[PDB]
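Colleague: Have a look at the structure that comes next, please.
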Ligand code: HEC
Ligand code: HEM
Ligand code: HEM
Ligand code: FES
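Given below as structure tokens:
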């Protein structure tokens, strides 16, 4: 998910202590406008819906889970945050993963 | 090597033994058998049991405390007000 | 069709589920439950959830139900 | 499976071939799961697609309450109470 | 000149079985070792039939298991005698080690060490075998336990990928474990022959601990029927355990097919590894729990060095007996703790139980061995 | 959140140590499975045998 700077703003803005599975926003993604994540929810394996949810991030229909634009869980049953794959940019137009 | 023909030396220790068919397979079972097992249990008992009894108290506590740790969810909301 | 026969069936699960509620354990659990409900209603942004007391009620409830249900069914 | 998720708001209905011996408490988990559908507790809220079954570990099963009285008429001629239905279901799954 | 003493094959049967002297006063516990051999004989043949139907692939394995439990004739009896036969093998094995810790059979140090090697081989065997069902518990048990190898500092991940045969647990890994789990027990038999080979040239120990050359007895007439009684009681416990409540000792929520996408809520190792698991989960830092995991099994070699008592048998040293049963209770503590979800009440008891588990076998025992040495004026 | 309610034990016919399943219940339960269940639940490992 390449994303707008405003989402970078709302993600950076969030209080860290409040999070169900705390993790600093900038510390996650290598470049904030890009966010690469495993597409499986951490709760019961359902796939979260892109471009949705209260935060404008992700949403899981299976049990109402709410992920933020950075993919961290907040509202809903799901325990820990969406997993971040290892990856690296190479040529500027390309991105190796795994 | 250590065959029966060559082991420890020993000197005049006589012994006696009946044929299996000449004697009952269950001699004096009640008069002597059961009380023997009881004496044996009475010997092992205090040596063995108390640590296990100690284990049980811990087992009961751990589950119970964990119950206080979790099932007393209402204590936290009660703290909320 | 006729509502009565539907009325007639009744079901035996429900009837048993009420007689156990009549018993004192389910009663105190019930009033404590309603107490938790009214306390939840009292404020605009409560974090409290009565589901715990609901388990306290349902556990002894359905446990008491367990002794009597298949006695009715064949 | 993906179609099954599409038909069920993303939820995947588990295979029933070993549903009894899989779940803890076994078939005892099943009957109570069917027999029990308490109305939702005050102070808790959930998606309309979700349904509140307390015995479900997520306490919000995607399944709609599958059975009620006379959903089906037994050939045996026995009365079709939802209790008898769930009982026969658990027996058959236990055999399964 | 009996035919048995002339025939080169019969001489081995004659010495190893029919005519080796044994202490007269041997009790029930010494039966268990023989039982282990029988268990192995049962774990092989039974399991061998499972091999005739099981298909070691990521997809076909579980379905092949359903094929064994249903379409195959009498297959479920085989699968349960096998899966419960392993747990019986660990009951007999733990008791078999326990009598050695008690009666001072560890003074036969070479046999002791070989026995430890049999212990580790048995652990790798049962572990690689538990992955075969490829149920929900198996994929994640193998996942976590192989993720433990991640800890080693330099080899770390490269080693783990070398076991996986890939970047994650998958079909090739399942085939790996099918082969290794198929091959190890047959090594265990040969090492067991070495085990008896270092045992029989000195003779079996007796519960009193005093040398018993004065009252040795031929093995056959007595111990063939005594051990036969042990085999019958063993078959009693096993056949009851399998034919009445096969799954009480098994783990429910293993039957669900493995989901890489999903992690089961409790996820625990089966009980016979499980005490060691606490020594992992209790200890902070990823590597220290690994080293503690190694020391937990490898101390046993250190134990004979730590002996200080001028005697041998535990029966004449009650103060040591109290520490011994205390330690056994501590083991039960580790098992019950390892059967439980992480929380402070469990973790605290796990810390205490672990540290106590090491202090009892390192610090406490030798000292009271000395005190007992001085109570009797040595 | 909080762990799920623990289901009550029931006086089932087959929970006796020697008692067997009642096949008429298995029949009627299969007759329940064919309609209400079968529409949205697989049984991969059971044949019509
Ligand atoms: C399509 C409607 C629907 C019908 C009707 C239905 N199921 Fe379900 N069932 C589902 C779905 C979807 C789930 C998954 C629940 C979840 O994901 O939260 C489920 C869950 C279950 C569970 C529990 C799974 C768990 O994790 O606890 C069982 C048992 C089960 N189904 C069997 C049955 C039985 C018995 C019936 C009685 C006829 C039945 N199904 C009828 C759709 C249905
Ligand atoms: C597959 C595993 C094993 C097999 C087949 C086996 C077999 C045997 C047998 C048959 C005996 C003869 C005495 C008896 O039966 O009690 C024995 C003795 C012995 N074993 Fe084992 N054993 C195994 C595992 C172990 C383990 C794990 C240890 C130690 C941790 C061990 C240490 C000993 C010791 C110290 C003796 C001496 C007993 C005595 O002298 O009376 N063995 N073994
Ligand atoms: C001491 C020796 C052995 C032990 C302790 C042991 C233990 C186990 C265990 C615990 C399982 C898991 C079964 C389950 O959880 O359902 C298993 C499965 C299996 N074993 Fe072994 N095993 C041993 C030796 C062998 C041997 C010698 C063979 C073949 C010759 C074998 C073949 C198999 C096969 C094919 C399975 C898969 C069947 C299944 O998972 O149900 N095993 N074994
Ligand atoms: S499946 Fe993702 S929240 Fe239940």
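Protein chains in written order, with the deposited numbering: chain A, 177 to 274; chain B, 2 to 82; chain C, 18 to 91; chain D, 182 to 277; chain E, 2 to 379; chain F, 85 to 133. Here a beta-carbon is modelled for each residue, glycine too, at the ideal position from N, C-alpha and C.
Ligand 4 and residue 187 of chain D: does the residue's C-beta get closer than 7 Å to at least one heavy atom of that ligand?
Modeller: Residue 187 of chain D: no, Cβ never under 7 Å from ligand 4.
Colleague: Determine, using beta carbons only, whether residue 101 of chain F comes closer than 8 Å to chain C.
Modeller: No, its Cβ sits nowhere closer than 8 Å to a Cβ of chain C.
Colleague: Is residue 359 of chain E near ligand 3, in the sense that its beta carbon is under 7 Å from a heavy atom of that ligand?
Modeller: No.
Colleague: Nearest CA to the CA of residue 92 of chain C: which residue from D:264, D:259, D:232, D:220?
Modeller: Only positions 18 to 91 of chain C appear in this structure, which leaves residue 92 of chain C out of reach.
Colleague: Can you give me the C-alpha to C-alpha distance between residue 55 of chain E and residue 214 of chain D, rounded to a whole angstrom?
Modeller: Using only the alpha carbons, I get a separation of about 34 Å.
Colleague: What number of angstroms, rounded off, separates the C-alpha of residue 236 of chain E from the C-alpha of residue 219 of chain E?
Modeller: If I take the Cα positions, the gap works out to 26 Å.
Colleague: Could you tell me the alpha carbon to alpha carbon distance between residue 245 of chain E and residue 102 of chain F, rounded to whole angstroms?
Modeller: Answer to the nearest angstrom: the Cα atoms are 9 Å apart.
Colleague: Tell me, please, whether the CB atom of residue 186 of chain D is closer than 8 Å to any CB atom in chain F?
Modeller: Chain F contact via Cβ: absent.
Colleague: Drop a sphere of 10 angstroms on the beta-carbon of residue 196 of chain E, count the other beta-carbons inside from all chains shown, and report buried for 16 or more, exposed for fewer.
Modeller: Buried, because 16 or more other Cβ atoms sit within 10 Å of the Cβ of residue 196 of chain E.
Colleague: Should residue 247 of chain A and residue 228 of chain D be called a contact, given that it needs their Cβ atoms to be closer than 8 Å?
Modeller: No, Cβ-Cβ distance for residue 247 of chain A and residue 228 of chain D is not below 8 Å.
Colleague: Cβ of residue 254 of chain A within 7 Å of any heavy atom in ligand 4?
Modeller: Yes - ligand 4 has a heavy atom lying nearer than 7 Å to the Cβ of residue 254 of chain A.
Colleague: Does the beta carbon of residue 302 of chain E fall short of 7 Å from some heavy atom of ligand 3?
Modeller: Result no, Cβ not under 7 Å from ligand 3.
Colleague: Taking all protein chains shown into account, decide if residue 197 of chain A is buried (16 or more other Cβ within 10 angstroms of its Cβ) or exposed.
Modeller: Answer is exposed; the Cβ neighbour count stays below 16.
Colleague: For the region 187–248 of chain D, which segments carrying the alpha helix (DSSP H) assignment without a break, of at least 4 residues, lie completely within its bounds, in sequence order?
Modeller: Entirely contained in the region 187–248 of chain D, the alpha helix (DSSP H) runs reaching 4 residues are, in chain order, 200–203, 208–216.
Colleague: Just checking residue 233 of chain A against ligand 4 - is the residue's beta carbon closer than 7 Å to any of the ligand's heavy atoms?
Modeller: Outside the cutoff, so no.
Colleague: Starting from residue 236 of chain A, follow the alpha helix (DSSP H) in both directions and report where the run begins and ends.
Modeller: Taken as a continuous stretch (DSSP letters only), residue 236 of chain A belongs to no alpha helix (DSSP H), being part of the beta strand (DSSP E) at 234–236.
Colleague: Would you kindly check if the distance between the Cβ of residue 261 of chain A and the Cβ of residue 273 of chain A is under 8 Å?
Modeller: It is a contact, given that the beta carbons lie within the stated cut-off.
Colleague: Using a beta-carbon distance cut-off of less than 8 Å, what residues from the region 237–253 of chain D approach chain A?
Modeller: From the region 237–253 of chain D, only 239, 241, 243 have a Cβ closer than 8 Å to chain A.
Colleague: So, does the CB of residue 35 of chain C fall closer than 8 Å to a CB anywhere in chain F?
Modeller: So, not an interface residue.
Colleague: Residue 346 of chain E by DSSP, collapsed to three states: which one?
Modeller: Residue 346 of chain E: helix per DSSP, three-state reduction.
Colleague: Counting only runs that start and end within the region 7–91 of chain E, where is the alpha helix (DSSP H) found for 4 or more residues in a row?
Modeller: Within the region 7–91 of chain E, the complete alpha helix (DSSP H) runs of at least 4 residues are 9–14, 32–52, 61–70.
Colleague: Verify whether the separation of the beta carbon atoms of residue 60 of chain B and residue 337 of chain E is less than 8 Å.
Modeller: Cβ distance < 8 Å, so residue 60 of chain B and residue 337 of chain E count as in contact.
Colleague: So, with DSSP's three-state summary, where would you put residue 265 of chain A?
Modeller: In the structure shown, residue 265 of chain A sits in a strand (DSSP, three-state: E or B).
Colleague: Does residue 48 of chain B pass the burial test, meaning 16 or more other C-beta atoms within 10 Å, or should it be called exposed?
Modeller: The residue is exposed, with fewer than 16 neighbouring Cβ atoms inside 10 Å.
Colleague: What is the DSSP secondary structure of residue 243 of chain A, counted as helix, strand or coil?
Modeller: In the structure shown, residue 243 of chain A sits in a strand (DSSP, three-state: E or B).
Colleague: Are any of the Cβ atoms in chain A nearer than 8 Å to that of residue 227 of chain D?
Modeller: Judged by the 8 Å Cβ criterion, residue 227 of chain D is in contact with chain A.
Colleague: So residue 261 of chain E packs on residue 45 of chain E, CB below 8 Å; how close in whole Å?
Modeller: At roughly 32 Å, the Cβ-Cβ gap does not stay under 8 Å, so residue 261 of chain E and residue 45 of chain E are not in contact.
Colleague: What residues are listed by DSSP as bridge partners for residue 249 of chain A?
Modeller: Paired residue(s): A:243.
Colleague: Just to confirm, is the Cβ distance from residue 300 of chain E to residue 362 of chain E under 8 Å?
Modeller: Yes; because the gap between Cβ atoms is below 8 Å, this pair is in contact.
Colleague: What does residue 69 of chain C touch in chain F if you count any residue whose Cβ is under 8 Å from its own?
Modeller: Within chain F, the residues near residue 69 of chain C are 86.
Colleague: Would you list, in chain order, the members of the region 225–239 of chain A that have their beta-carbon closer than 9 Å to a beta-carbon of chain D?
Modeller: For the region 225–239 of chain A, which is checked against every Cβ of chain D, the residues closer than 9 Å are 225, 236, 237, 238, 239.
Colleague: Please confirm if the region 61–81 of chain C is in contact with the region 33–51 of chain C, defined as three or more CB-CB distances below 8 Å between the two stretches.
Modeller: Yes, the region 61–81 of chain C touches the region 33–51 of chain C.
Colleague: Express the C-alpha separation of residue 209 of chain E and residue 5 of chain B in angstroms, rounding to a whole number.
Modeller: Each residue's alpha carbon lies about 21 Å from the other.
Colleague: Suppose you measure from the CA of residue 90 of chain C to the CA of residue 53 of chain B; what does that come to, to the nearest Å?
Modeller: Using only the alpha carbons, I get a separation of about 45 Å.
Colleague: List the residues of chain E whose Cβ lies closer than 7 Å to the Cβ of residue 260 of chain A, in chain order.
Modeller: Near residue 260 of chain A there are no residues of chain E at all, since even the closest Cβ is about 16 Å away, more than 7 Å.
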